[PDB]
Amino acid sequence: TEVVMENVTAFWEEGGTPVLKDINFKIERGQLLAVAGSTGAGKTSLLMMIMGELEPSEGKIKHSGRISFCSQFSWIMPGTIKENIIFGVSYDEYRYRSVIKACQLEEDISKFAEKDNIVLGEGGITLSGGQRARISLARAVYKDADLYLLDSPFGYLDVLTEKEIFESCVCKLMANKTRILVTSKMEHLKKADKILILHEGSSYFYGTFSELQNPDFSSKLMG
C-alpha cells in the first residue's frame, strides 16, 4: 500500500457540485495505475487531491512518500535545458543520460551548438510544444520520488512519439516505480496494473483490463 483513497468526495466550489464523488482505489509500490475519462471527468483534480491541493469533504486519503508531478501543461524556467531537467536536485551522470534518452531529447540537444547548455527564457517559447513537453516529462522522471503523478504527459506529442516514450520512459525506465498516469489510450490501459475510469466526477470503473471488458467502456475514454 502506497496510495489509498476510501469514500473520497471533494468540491472546488464551497457550496457547489462535487468534482469527485465516492472515489475508491489503492496502489501498491511499483504499480502503474491508469486514470482515464473524458474532458472534465476529474482526472487532474484527483492528482490535486493526492498532492494536498484539493481537500476532501469526506473520506480518507492515505499516502506516504515524496511526489513528482508532471503537469498537463508544460513549463520552462529561465535556464539551460540541463538546469530545467535537474531542477534543484544534484546532478547524477547516469540518471541524467538515461532520462534524456528515454524522453527522446538526445536528437534535440545535439542540434544546438551549446547542447543542453543552451539558455532558455521563461516559457521556452523558442522551443516547440513537443520539446517543452518532453523536457517537462524529463524533469518529473529525473526526480527521486516515491510517487510519480503523470498528468497526460503525451497530449502535445504525436501518436508514434507517444507510443515510443510510453514504452521507453513509463514502461522501461520507470518499471520499478509507483506511477499514476492520466491516459485514455487502450494500449496504456492494457499495460496498467489497475485502471480507474472517471466519468463526470464519479468512478465509472475500477479494476484490471481483463475485468473492463468481461462492455461499452471505450466510449467513456474519448473526448
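Heads up, when I say rigid core I mean the largest set of C-alphas that superpose within 1.5 Å between the two forms. Note that residue numbering begins at 1 and tracks the sequence as displayed.
Between 151-159 and 173-181, which has its CA atoms farther from the current form in 8 other deposited structures of this protein, using a rigid core superposition?
Looking at 173-181 and 151-159 in 8 other deposited structures of this protein, the bigger mover is 151-159.
After fitting on the rigid core, pick out whichever of 123-131 or 91-99 shows the bigger RMS C-alpha deviation in 8 other deposited structures of this protein.
Greater root mean square C-alpha distance in 8 other deposited structures of this protein: 123-131.
Please confirm whether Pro215, modelled here, goes without coordinates in at least one third of the other compared entries that cover both its neighbours.
Yes, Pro215 lacks coordinates in at least a third of the other compared entries.
According to the entry, are there none, 1 to 3, 4 to 9, or 10 or more residues of the deposited sequence without coordinates between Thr17 and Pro18?
According to the record, the chain runs unbroken from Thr17 to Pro18.
Mean Cα B factor from the PDB record: higher for 139-147, or higher for 106-114?
Of 106-114 and 139-147, the stretch with the higher C-alpha B-factor average is 106-114.
Going by the mean C-alpha B-factor recorded in the entry, which is higher: 155-163 or 55-63?
Per the PDB record, 55-63.
Tell me, please, which of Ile85, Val89, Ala133, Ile76 has the highest C-alpha B factor according to the deposited entry?
Among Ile85, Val89, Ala133, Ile76, the highest C-alpha B-factor in the entry belongs to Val89.
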